[PDB]
Amino acid sequence: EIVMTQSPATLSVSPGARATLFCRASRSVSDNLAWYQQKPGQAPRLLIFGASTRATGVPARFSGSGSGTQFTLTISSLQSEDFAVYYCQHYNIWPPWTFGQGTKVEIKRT
Amino acid sequence: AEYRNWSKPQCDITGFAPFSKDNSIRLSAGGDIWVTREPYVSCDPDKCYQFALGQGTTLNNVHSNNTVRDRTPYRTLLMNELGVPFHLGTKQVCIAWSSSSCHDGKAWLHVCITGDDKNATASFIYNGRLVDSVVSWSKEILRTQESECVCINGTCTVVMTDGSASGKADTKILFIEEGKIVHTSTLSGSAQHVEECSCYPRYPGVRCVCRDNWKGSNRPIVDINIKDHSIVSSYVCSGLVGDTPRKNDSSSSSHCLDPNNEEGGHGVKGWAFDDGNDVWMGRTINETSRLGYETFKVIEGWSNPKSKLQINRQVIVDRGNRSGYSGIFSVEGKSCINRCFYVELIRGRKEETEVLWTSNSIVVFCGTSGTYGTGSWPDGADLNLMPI
Amino acid sequence: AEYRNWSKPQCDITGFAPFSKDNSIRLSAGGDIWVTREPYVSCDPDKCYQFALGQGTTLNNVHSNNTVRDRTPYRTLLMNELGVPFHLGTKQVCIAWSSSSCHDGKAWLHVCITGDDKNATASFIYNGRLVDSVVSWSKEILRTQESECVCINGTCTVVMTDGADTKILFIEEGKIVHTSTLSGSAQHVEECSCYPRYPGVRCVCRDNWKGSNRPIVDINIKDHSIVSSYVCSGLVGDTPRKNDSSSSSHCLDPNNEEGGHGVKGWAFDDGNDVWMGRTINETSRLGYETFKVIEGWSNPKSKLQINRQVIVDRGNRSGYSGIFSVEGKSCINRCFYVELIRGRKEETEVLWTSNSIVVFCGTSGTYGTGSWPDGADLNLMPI
Amino acid sequence: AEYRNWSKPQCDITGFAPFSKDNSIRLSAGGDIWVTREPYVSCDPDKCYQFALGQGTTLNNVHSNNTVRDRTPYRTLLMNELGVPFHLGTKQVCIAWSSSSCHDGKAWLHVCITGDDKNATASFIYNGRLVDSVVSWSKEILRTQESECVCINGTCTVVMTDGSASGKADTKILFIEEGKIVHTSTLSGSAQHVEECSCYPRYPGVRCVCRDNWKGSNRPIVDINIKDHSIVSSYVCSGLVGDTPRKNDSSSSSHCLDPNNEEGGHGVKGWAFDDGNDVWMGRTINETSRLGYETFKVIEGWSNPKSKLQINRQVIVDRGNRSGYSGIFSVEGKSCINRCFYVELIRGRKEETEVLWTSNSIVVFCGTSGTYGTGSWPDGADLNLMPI
Amino acid sequence: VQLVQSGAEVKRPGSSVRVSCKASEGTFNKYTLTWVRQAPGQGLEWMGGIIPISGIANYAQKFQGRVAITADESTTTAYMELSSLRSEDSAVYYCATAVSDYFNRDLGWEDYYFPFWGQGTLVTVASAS
Ligand SMILES: *[C@@H]1O[C@H](CO)[C@@H](O[C@@H]2O[C@H](CO)[C@@H](O[C@@H]3O[C@H](CO[C@H]4O[C@H](CO[C@H]5O[C@H](CO)[C@@H](O)[C@H](O)[C@@H]5O)[C@@H](O)[C@H](O[C@H]5O[C@H](CO)[C@@H](O)[C@H](O)[C@@H]5O)[C@@H]4O)[C@@H](O)[C@H](O[C@H]4O[C@H](CO)[C@@H](O)[C@H](O)[C@@H]4O[C@H]4O[C@H](CO)[C@@H](O)[C@H](O)[C@@H]4O)[C@@H]3O)[C@H](O)[C@H]2NC(C)=O)[C@H](O)[C@H]1NC(C)=O
Ligand SMILES: *[C@@H]1O[C@H](CO)[C@@H](O[C@@H]2O[C@H](CO)[C@@H](O[C@@H]3O[C@H](CO[C@H]4O[C@H](CO[C@H]5O[C@H](CO)[C@@H](O)[C@H](O)[C@@H]5O)[C@@H](O)[C@H](O[C@H]5O[C@H](CO)[C@@H](O)[C@H](O)[C@@H]5O)[C@@H]4O)[C@@H](O)[C@H](O[C@H]4O[C@H](CO)[C@@H](O)[C@H](O)[C@@H]4O[C@H]4O[C@H](CO)[C@@H](O)[C@H](O)[C@@H]4O)[C@@H]3O)[C@H](O)[C@H]2NC(C)=O)[C@H](O)[C@H]1NC(C)=O
Ligand SMILES: *[C@@H]1O[C@H](CO)[C@@H](O[C@@H]2O[C@H](CO)[C@@H](O[C@@H]3O[C@H](CO[C@H]4O[C@H](CO[C@H]5O[C@H](CO)[C@@H](O)[C@H](O)[C@@H]5O)[C@@H](O)[C@H](O[C@H]5O[C@H](CO)[C@@H](O)[C@H](O)[C@@H]5O)[C@@H]4O)[C@@H](O)[C@H](O[C@H]4O[C@H](CO)[C@@H](O)[C@H](O)[C@@H]4O[C@H]4O[C@H](CO)[C@@H](O)[C@H](O)[C@@H]4O)[C@@H]3O)[C@H](O)[C@H]2NC(C)=O)[C@H](O)[C@H]1NC(C)=O
Ligand SMILES: *[C@@H]1O[C@H](CO)[C@@H](O[C@@H]2O[C@H](CO)[C@@H](O[C@@H]3O[C@H](CO[C@H]4O[C@H](CO)[C@@H](O)[C@H](O)[C@@H]4O)[C@@H](O)[C@H](O)[C@@H]3O)[C@H](O)[C@H]2NC(C)=O)[C@H](O)[C@H]1NC(C)=O
Ligand SMILES: *[C@@H]1O[C@H](CO)[C@@H](O[C@@H]2O[C@H](CO)[C@@H](O[C@@H]3O[C@H](CO)[C@@H](O)[C@H](O)[C@@H]3O)[C@H](O)[C@H]2NC(C)=O)[C@H](O)[C@H]1NC(C)=O
Ligand SMILES: *[C@@H]1O[C@H](CO)[C@@H](O[C@@H]2O[C@H](CO)[C@@H](O[C@@H]3O[C@H](CO)[C@@H](O)[C@H](O)[C@@H]3O)[C@H](O)[C@H]2NC(C)=O)[C@H](O)[C@H]1NC(C)=O
Ligand SMILES: *[C@@H]1O[C@H](CO)[C@@H](O[C@@H]2O[C@H](CO)[C@@H](O[C@@H]3O[C@H](CO)[C@@H](O)[C@H](O)[C@@H]3O)[C@H](O)[C@H]2NC(C)=O)[C@H](O)[C@H]1NC(C)=O
Ligand SMILES: *[C@@H]1O[C@H](CO)[C@@H](O[C@@H]2O[C@H](CO)[C@@H](O[C@@H]3O[C@H](CO)[C@@H](O)[C@H](O)[C@@H]3O)[C@H](O)[C@H]2NC(C)=O)[C@H](O)[C@H]1NC(C)=O
Ligand SMILES: *[C@@H]1O[C@H](CO)[C@@H](O[C@@H]2O[C@H](CO)[C@@H](O)[C@H](O)[C@H]2NC(C)=O)[C@H](O)[C@H]1NC(C)=O
Ligand SMILES: *[C@@H]1O[C@H](CO)[C@@H](O[C@@H]2O[C@H](CO)[C@@H](O)[C@H](O)[C@H]2NC(C)=O)[C@H](O)[C@H]1NC(C)=O
Ligand SMILES: *[C@@H]1O[C@H](CO)[C@@H](O[C@@H]2O[C@H](CO)[C@@H](O)[C@H](O)[C@H]2NC(C)=O)[C@H](O)[C@H]1NC(C)=O
Ligand SMILES: *[C@@H]1O[C@H](CO)[C@@H](O[C@@H]2O[C@H](CO)[C@@H](O)[C@H](O)[C@H]2NC(C)=O)[C@H](O)[C@H]1NC(C)=O
Ligand SMILES: *[C@@H]1O[C@H](CO)[C@@H](O[C@@H]2O[C@H](CO)[C@@H](O)[C@H](O)[C@H]2NC(C)=O)[C@H](O)[C@H]1NC(C)=O
Ligand SMILES: [Ca+2]
Ligand SMILES: [Ca+2]
Ligand SMILES: [Ca+2]
Ligand SMILES: [Ca+2]
């Protein structure tokens, strides 16, 4: 069972600023990785697959990068829409298709 | 001719000398050669034959595209004398997307599996005519050894599995006499998942080393008693475990009875055999991809779960060159049963995006009591040049 | 079937009549024919087979480029009935970049050499299964006859060299039963063309070091003893060599005249006369001729040739050549083959290197003249 | 197996039913098929084989250009089971630009002629090894039957000629036992030119019908006595003469002893055989070119020089479609020797400038006591479409 | 593509619960259907799925032998029956499409990521009334 790990757990970031969310895998998952946004109470929303391909409904401001054991989701300028939990997930060859414990992108302020 | 019995003792193996190579993919670049995967070698009393599941197409062909799928209606079991590449004159023995074959001392038995995934048929073709068939008992991709079966005093045995791959499967051992299924034993003992057994005769029994796709990176052993159909099972005790993926040799471990859980899930068809308490075995050189191939003897690695003393290592394909399945086959010498093994050398999709097809060469090695040297016998095709 | 013994006397040869030709390179221009080199012919009791070290590729192929290297992991010993060109249905007998084969009267023995140059393995494949193997003893390209071995009462013999260090392996059903280190005065011994000479086996080799005269190795199957010497003929058989006006030989020593390098060739005794074949040119493997030298087996000074035959004229490339022996009704005939190399590096018109063969047999009957070159037009076919 | 003897009587032939066709040129348009000419058919006791002098090349090849020359160092005698087209796996039996073959009841004898025109060698290859050879005795294109030889009690006979074609030639009949030439008889009786004899066993003798290239448009008969090597010769008495060119049937005539002089010069390899006094024979339908092919029985045309009563005509290739050589071969049935014949169907140069090569298909017919119908079995290739 | 699921559930321990998911026309012929859990404070957890030709279903280690996943093209509804419920199973259950079309018995699954998700069914497992 491959273990996905995300950091930081609570990536507090101000509006308009850039955020980057890190994801680690307990062994190389190749580029077989995806990222899911989740607003509080809604179903998850696929943002990235194949570690870098954006999904159908996904604006330019979300970009995925990395391969092997370490991956990053970059959010170039946060709209109020973007403050959500983000789950990492491998889909490399064999079950289980484990998810990360998720990073909450909080709104940073005074 | 009498039925085969393999009563002769096993040869004093000190390593494996090269025996054959096909160059199927190098020849495909200017020739009508079949697209294959899951190749295997088996021998009649006179000569060895190479088998493969042909994707129902040649390689320089429109039908070679998307040949990465392992189950289609078009897959057929190609058969040739060993070393004769699979050219258009090759006999398609039977319709099959999974199979096993063995000469019983009188004639070939093929176990040819085909059909819908949820409802496959296994066809037993003996002396070139369909003698029996059996339907998928767990309705979830009936499948077999993708390598030679074994026959002793005419009773061939084939390990077959049905049910989930990354989960608890249903495995039966079919005892076949002249193609007629005479008995069936459900898998017993502690092997918890048992795909793709590489079997070898170990008179009076047959023994097989398999692929634990679920929880073991150690390989399961199935020990089959032809005289009373009883089955027992266990795992390759070697601390150097044979499956892929696996933990590296510094951190890997095994258990004689249980799947070792270390990188348990997924696997590759491979082999190992006992030499008293020592275990000969072959594995990919890489632990996370099927790159390279090596063989070695592990001192007490059949009996002792903690042993990591390897000796007699041989690179067969260096760590830069792709391998794939591998399988022991047994050759009856003048006064001992030699253990040979083969390595599928997969090329093309999905690892090599330079071509649209997926195919394999093979290379074959035999156990030798005599000295041997070194080399590396990779597939050898240049996919940057040949038909995309 | 009984083991072969070759006890019959040798035929009253008066020259060689044509026996076979493959046209492998002419057929390659529109066909899936294998790239080869170091071909050879050997026969079971019923029919003859052609062997070659296939470069693991067909000729009209991407893998035929740079096939000039003689050792790669992909080389395999192709086998066919004689005259059946090496098409895709050809059996790759074993992995091999150097080899020898012979039917022992019961089944084929192949000696298949492969591996790293510094550490090669020889595999003995008998009745189609690997029976034995032996590692390079001098760690410097283990190599063998590139032609038929010989078997008498089941004990096959194959000359092997490393480094030079040369051993004769005595093989019974593929199991190496004895090994003799080379003895007598042959100082370098590559690529022996052997022929049965009951009770012994005799072989004529390539001195790559100091002889343009060919070494003879005379092998005693009943006690494994080896003795060796050189082809006494003043018309020496190797290439390069000094021209016939200025060449000489010695029965015991390499003649030193253009000694270094060589080509695989053959010769055989006919009482004191020696039949032999050689390239017509003395500095390149162009042409091929055969002739009888009167007393040229016994007498170091003889240059009386007779019964000359051009086999390939001086304009057309040859290559290796090797005697093979065919058991007739009441005498052992000596046949020989000529490799007809084409392409790189002499012919830059193509990227590949391959060979046709042509094969001739000894005849007591009359024969005429001709020239049977390879015959491919490299200006036209696939570059 | 015993040596062949053909002691059985000849079958009650009423015409020839179709037996085989190769489609070699139709298959060449998408296949690696050999370029040939001077094909022939001969049979072992179990099955028939087709032979041809291959021009040392496939047809869709650069080496197929200028294949109109009948003598080159590259010509080899191709051999296959009858109907298996000459593909790349075909065995080149021997080096040969002229040849003859026959199974003696134990093994194949091939007579393979090669060399310089002024100094050719004939090689006798028996049981697959060269047993004897003989040099051109008149130093002017040694040549043989381009069709099966005949063997009775092991002594094979082959007619060979040397010397001028449009002039007085030297002809010898070689008696061969297991490839060793045991006797040689110089041609005797009144045949004045004797090329390319189509022989047939006529126990106790062998009989052959040949091509008079010099003075006869009537065909020479050579009647060979195996028990004492004596030779006698004469001509096909039929007023309907078998050679090409010839005078048309209104104006042609023959002589039982002499070349008829009518359009004597040049010829084509053909055949005829006796049926008591009637003569079965085959000839091109055209009298000035090798277009079409027909067969018929001429009543008393073996014994009577004036007969022109044909009956049982069969078109084999209609007058619009090219033929070429043709040759009887004999097949040992259950209780009679059947006479079959073949027709070379030449295509390409120099008559058909649409392609650069010259090659042939064949078609083969057998004598039948039973009824038969009609047809026309031409070569069938479209030279406007295939490789130029 | 659209997916809609059965309303919320409250269930007694040791019992089963049978969540349903009506997918859009032809969905089960193109995408693997899967069930993914979300325990109230925890991360996502795939339970299993069903292959979109053979209808063969594959389950996660933690649920194998007590979940059943089944589908019917007549209604284009898929159902998850979860047996032997305990308070650990109190979670939102989402049905989701997985792009994986096919399973190689040797090379495993490609593209097992979830582009379309149901609205999620809240399941609660307690002895309380
Ligand atoms: C030409 O061709 C031939 C034939 O192919 C080649 O020979 C072959 O070479 C390979 C090299 O890989 C050999 O396999 C290797 O074998 C060794 C084990 O053998 C050595 O150690 C033995 C044990 O030694 C200890 O214990 C004894 C007491 O029992 C003490 O006296 C010692 O001091 C030690 O403490 C020892 O018994 C062996 O001796 C015998 O063999 C040698 C020849 O090899 C003779 O000189 C002796 O006289 C005697 O007959 C021998 O010394 C393994 O250790 C190798 O595995 C390691 O290496 C692999 C890479 O090479 C690696 O991938 C493995 O995982 C493993 O390495 C790991 O584990 C080790 C142990 O924990 C660690 O030390 C290491 O750091 C790493 O973590 C391998 O199995 C073949 O045996 C040999 N075959 C034959 C038939 O000889 C030859 O190499 C070629 N030459 C050229 C130039 O190409
Ligand atoms: C058609 O096909 C046939 C079959 O292939 C062809 O026949 C073959 O032709 C070749 C021609 O090369 C012959 O090989 C050559 O043989 C001669 C040796 O033979 C001749 O000399 C013999 C010795 O003569 C001396 O001694 C006797 C006493 O013993 C005296 O009486 C003499 O006067 C001399 O002093 C002699 O015994 C031979 O006679 C026999 O043979 C002939 C037929 O050849 C008969 O007429 C006789 O009746 C009798 O049976 C004969 O006269 C060699 O000399 C040749 O080698 C030289 O030539 C080569 C080129 O041709 C060259 O490359 C060699 O290096 C070599 O030349 C060098 O050496 C010479 C001395 O040897 C020097 O003089 C020369 O300057 C140079 O330095 C060659 O070996 C075949 O024997 C013959 N085969 C058969 C079976 O007959 C025929 O040619 C073809 N015809 C056509 C038109 O295509
Ligand atoms: C379907 O398939 C079958 C099988 O293939 C076909 O049948 C075959 O058809 C061909 C047609 O060419 C026949 O060959 C020809 O045979 C005739 C000879 O046979 C006829 O005449 C015989 C003699 O007749 C005279 O003498 C008798 C006394 O003996 C008198 O009574 C008569 O009046 C006459 O004066 C006669 O014996 C024959 O009778 C027998 O056969 C017929 C069937 O054919 C039966 O009806 C009878 O009952 C009886 O059994 C018969 O009548 C030849 O003349 C033919 O050759 C001429 O024609 C060729 C072109 O067709 C031409 O190229 C030749 O050069 C030649 O022509 C020249 O010579 C002529 C005289 O010979 C001249 O008159 C002419 O002008 C010219 O100068 C030819 O050999 C096959 O025998 C026949 N095969 C079988 C087994 O039956 C059938 O045709 C097919 N049907 C269809 C629709 O496709
Ligand atoms: C058959 O095999 C041959 C050897 O494997 C192939 O020849 C080689 O092909 C490659 C790819 O085209 C060449 O590499 C390129 O070289 C050029 C410049 O080459 C010239 O300059 C260098 C100076 O260092 C010199 O070494 C060369 O020989 C040339 O004079 C570079 O700009 C590229 O970046 C690239 O490196 C090799 O140079 C070439 N080998 C030789 C001997 O020239 C051949 O392509 C194969 N042919 C077929 C049809 O299969
Ligand atoms: C396993 O099968 C083999 C056959 O593949 C059996 O081999 C047989 O064993 C006996 C005893 O070694 C051989 O005996 C010999 O027979 C000849 C007559 O043919 C006799 O003249 C000799 O003196 C000798 O007794 C027998 O020939 C041999 N069969 C063959 C074909 O070699 C073997 O016994 C079987 N073993 C078991 C456990 O079933
Ligand atoms: C070399 O091996 C050959 C076999 O390849 C041995 O030849 C054989 O010798 C014997 C004794 O002379 C021959 O026996 C005879 O057979 C015929 C029937 O074929 C019979 O009529 C006689 O009365 C006698 O029994 C045998 O035929 C012969 N085989 C062949 C193929 O010629 C030869 O003896 C061996 N030589 C040495 C030195 O070992
Ligand atoms: C031409 O060769 C054939 C063989 O291909 C010879 O045929 C043989 O002829 C004789 C006399 O008719 C047959 O003899 C009989 O044999 C049986 C036993 O097989 C016996 O019961 C009878 O009392 C009688 O002796 C013989 O079987 C037969 N062989 C075959 C295979 O048919 C033929 O005689 C040869 N012709 C000439 C002119 O030499
Ligand atoms: C079969 O052969 C004979 C002889 O070749 C053919 O007879 C000849 O036919 C031609 C017409 O094609 C006749 O030519 C004419 O002759 C007269 C008188 O010389 C002249 O005034 C005309 O201008 C024309 O040249 C020729 O005389 C005649 N010869 C003989 C000897 O009869 C016959 O045509 C052929 N039959 C068939 C069916 O083809
Ligand atoms: C063999 O496997 C072990 C376990 O995966 C590897 O151990 C890791 O070692 C690195 C440093 O080399 C540490 O950063 C990690 O913390 C270790 N992993 C764990 C899970 O503790 C070891 O590196 C591997 N050895 C080789 C040679 O690859
Ligand atoms: C095992 O094989 C893998 C696959 O080739 C190797 O991992 C790759 O390493 C290179 C850098 O050397 C990267 O560019 C690739 O992206 C890696 N691939 C993946 C899928 O992660 C690995 O180095 C090999 N390790 C051993 C022990 O042989
Ligand atoms: C055979 O060999 C000798 C020695 O190499 C050749 O003789 C020389 O020929 C060259 C011209 O080619 C002269 O310049 C030298 O002076 C000669 N040297 C001697 C020692 O004579 C001879 O030419 C060769 N024979 C043939 C026919 O090529
Ligand atoms: C032997 O073969 C060589 C090679 O073909 C011949 O030498 C060549 O001769 C031509 C002129 O005729 C030159 O243009 C070449 O450059 C030469 N090549 C080399 C490598 O030197 C030689 O003439 C032949 N000699 C004999 C006796 O056959
Ligand atoms: C015999 O064959 C020849 C060759 O095809 C025929 O002669 C040709 O006839 C046509 C007109 O029909 C001319 O255009 C050609 O030039 C002729 N060719 C030659 C070489 O003369 C002839 O008609 C045929 N005759 C018979 C009886 O079949
Ligand atoms: Ca595993
Ligand atoms: Ca030399
Ligand atoms: Ca093609
Ligand atoms: Ca004429």
# chains A, B, ... in the order shown; residues from 1 in each chain; ligands from 1
>>> residues_around(residues="region 220-224 of chain B", least_positions_apart="6", cutoff="7 Å", atoms="only C-alpha atoms", output="ChimeraX atom specification")
/B:191,194,205-212,230-236
>>> write_last_selection(atoms="N, CA and C atoms", output="compact mmCIF listing (two decimals), in the first residue's frame")
# COMPACT_ATOMS: atom_id res chain seq x y z
N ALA B 191 -0.36 -20.32 0.89
CA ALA B 191 -0.22 -19.35 -0.22
C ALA B 191 -1.54 -18.57 -0.32
N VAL B 194 -2.13 -16.70 -5.91
CA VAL B 194 -1.33 -17.65 -6.73
C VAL B 194 -1.66 -17.47 -8.21
N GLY B 205 6.58 -35.58 -7.12
CA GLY B 205 5.64 -34.45 -7.20
C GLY B 205 5.92 -33.51 -8.35
N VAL B 206 5.08 -32.51 -8.46
CA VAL B 206 5.32 -31.33 -9.30
C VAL B 206 5.34 -30.16 -8.36
N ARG B 207 6.19 -29.20 -8.61
CA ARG B 207 6.36 -28.04 -7.73
C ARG B 207 6.24 -26.82 -8.61
N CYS B 208 5.76 -25.72 -8.07
CA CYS B 208 5.55 -24.53 -8.89
C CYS B 208 5.79 -23.30 -8.07
N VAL B 209 6.34 -22.28 -8.68
CA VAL B 209 6.62 -21.03 -7.96
C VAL B 209 5.86 -19.97 -8.73
N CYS B 210 5.12 -19.14 -8.03
CA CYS B 210 4.04 -18.35 -8.64
C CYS B 210 4.25 -16.86 -8.38
N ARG B 211 3.22 -16.08 -8.62
CA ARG B 211 3.25 -14.61 -8.49
C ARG B 211 2.17 -14.25 -7.49
N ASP B 212 2.54 -13.69 -6.36
CA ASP B 212 1.53 -13.18 -5.42
C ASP B 212 1.24 -11.74 -5.81
N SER B 230 -3.37 -34.21 -3.71
CA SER B 230 -3.26 -33.27 -2.57
C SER B 230 -2.36 -32.08 -2.92
N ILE B 231 -2.74 -30.90 -2.45
CA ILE B 231 -2.00 -29.64 -2.67
C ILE B 231 -1.56 -29.08 -1.32
N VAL B 232 -0.35 -28.56 -1.25
CA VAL B 232 0.13 -27.77 -0.09
C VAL B 232 0.88 -26.58 -0.64
N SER B 233 1.02 -25.54 0.14
CA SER B 233 1.64 -24.30 -0.37
C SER B 233 2.25 -23.50 0.77
N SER B 234 3.12 -22.59 0.37
CA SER B 234 4.05 -21.89 1.27
C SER B 234 4.69 -20.76 0.47
N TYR B 235 5.78 -20.19 0.94
CA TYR B 235 6.48 -19.13 0.19
C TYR B 235 7.99 -19.38 0.15
N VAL B 236 8.64 -18.78 -0.85
CA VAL B 236 10.11 -18.79 -1.04
C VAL B 236 10.72 -18.06 0.16
>>> residues_around(residues="residue 56 (chain A)", least_positions_apart="6", cutoff="9 Å", atoms="only C-alpha atoms", output="list in words")
residues 46 and 47 of chain A; 115 of chain E
>>> residues_around(residues="region 210-214 of chain C", least_positions_apart="5", cutoff="8 Å", atoms="only C-alpha atoms", output="NGL selection string")
:C and (187-188 or 204-205 or 230-233 or 236-241 or 249-250 or 253-260 or 262)
>>> closest_residue(among="B:342, B:280, B:214, B:271", to="chain A", atoms="only C-alpha atoms")
B:214
>>> atom_distance(atom1="CA of residue 66 (chain A)", atom2="CA of residue 32 (chain A)")
10.6 Å
>>> atom_distance(atom1="CA of residue 124 (chain C)", atom2="CA of residue 174 (chain C)")
5.3 Å
>>> residues_near_ligand(ligand="ligand 4", cutoff="6 Å", atoms="only C-alpha atoms and all ligand atoms", output="list in words")
residues 62, 65 and 66 of chain C
>>> residues_around(residues="residue 137 (chain B)", least_positions_apart="2", cutoff="12 Å", atoms="only C-alpha atoms", output="CSV table (one decimal) with N, CA and C atoms, in the first residue's frame")
chain,number,residue,atom,x,y,z
B,117,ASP,N,-14.4,-11.8,-20.2
B,117,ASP,CA,-13.7,-11.7,-18.9
B,117,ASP,C,-14.6,-12.4,-17.8
B,118,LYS,N,-15.9,-12.0,-17.8
B,118,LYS,CA,-16.8,-12.5,-16.8
B,118,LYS,C,-17.2,-13.9,-17.0
B,119,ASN,N,-16.8,-14.6,-18.1
B,119,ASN,CA,-17.4,-15.9,-18.4
B,119,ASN,C,-16.5,-16.7,-19.4
B,120,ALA,N,-15.2,-16.8,-19.1
B,120,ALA,CA,-14.2,-17.4,-20.0
B,120,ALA,C,-14.4,-19.0,-20.0
B,121,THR,N,-13.9,-19.6,-21.1
B,121,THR,CA,-13.9,-21.0,-21.3
B,121,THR,C,-12.4,-21.4,-21.3
B,122,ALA,N,-12.1,-22.5,-20.7
B,122,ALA,CA,-10.8,-23.1,-20.8
B,122,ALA,C,-11.0,-24.3,-21.7
B,134,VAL,N,-13.9,-26.3,-19.6
B,134,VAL,CA,-14.4,-26.0,-18.2
B,134,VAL,C,-14.6,-24.5,-18.2
B,135,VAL,N,-15.7,-24.1,-17.6
B,135,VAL,CA,-16.1,-22.7,-17.6
B,135,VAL,C,-15.5,-22.0,-16.3
B,139,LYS,N,-16.2,-16.4,-12.3
B,139,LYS,CA,-16.7,-15.4,-13.3
B,139,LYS,C,-15.8,-14.1,-13.2
B,140,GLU,N,-14.5,-14.3,-13.1
B,140,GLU,CA,-13.6,-13.0,-13.0
B,140,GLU,C,-12.2,-13.3,-13.6
B,141,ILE,N,-12.2,-13.4,-14.9
B,141,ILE,CA,-11.0,-13.7,-15.7
B,141,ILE,C,-10.3,-15.0,-15.3
B,142,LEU,N,-10.8,-16.1,-15.7
B,142,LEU,CA,-10.2,-17.4,-15.6
B,142,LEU,C,-8.8,-17.3,-16.2
B,143,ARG,N,-7.7,-17.8,-15.6
B,143,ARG,CA,-6.4,-17.6,-16.1
B,143,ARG,C,-5.4,-18.7,-15.7
B,160,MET,N,-4.8,-23.1,-12.2
B,160,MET,CA,-5.7,-22.1,-12.8
B,160,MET,C,-6.3,-21.3,-11.7
B,161,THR,N,-6.5,-20.0,-11.9
B,161,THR,CA,-7.0,-19.1,-10.9
B,161,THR,C,-8.2,-18.4,-11.5
B,162,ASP,N,-9.1,-18.0,-10.7
B,162,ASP,CA,-10.2,-17.1,-11.0
B,162,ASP,C,-10.4,-16.1,-9.9
B,163,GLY,N,-11.2,-15.0,-10.1
B,163,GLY,CA,-11.4,-14.1,-9.0
B,163,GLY,C,-10.4,-12.9,-9.0
B,169,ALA,N,-8.3,-14.6,-4.2
B,169,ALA,CA,-8.6,-15.3,-5.4
B,169,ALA,C,-9.0,-16.8,-5.1
B,170,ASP,N,-9.6,-17.4,-6.1
B,170,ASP,CA,-10.0,-18.9,-6.1
B,170,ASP,C,-9.1,-19.7,-7.0
B,171,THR,N,-8.3,-20.6,-6.5
B,171,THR,CA,-7.3,-21.3,-7.4
B,171,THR,C,-7.6,-22.8,-7.3
B,172,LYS,N,-7.5,-23.4,-8.5
B,172,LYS,CA,-7.7,-24.9,-8.5
B,172,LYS,C,-6.6,-25.4,-9.3
B,186,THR,N,-8.8,-27.9,-4.9
B,186,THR,CA,-8.8,-26.4,-4.6
B,186,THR,C,-7.5,-26.2,-3.8
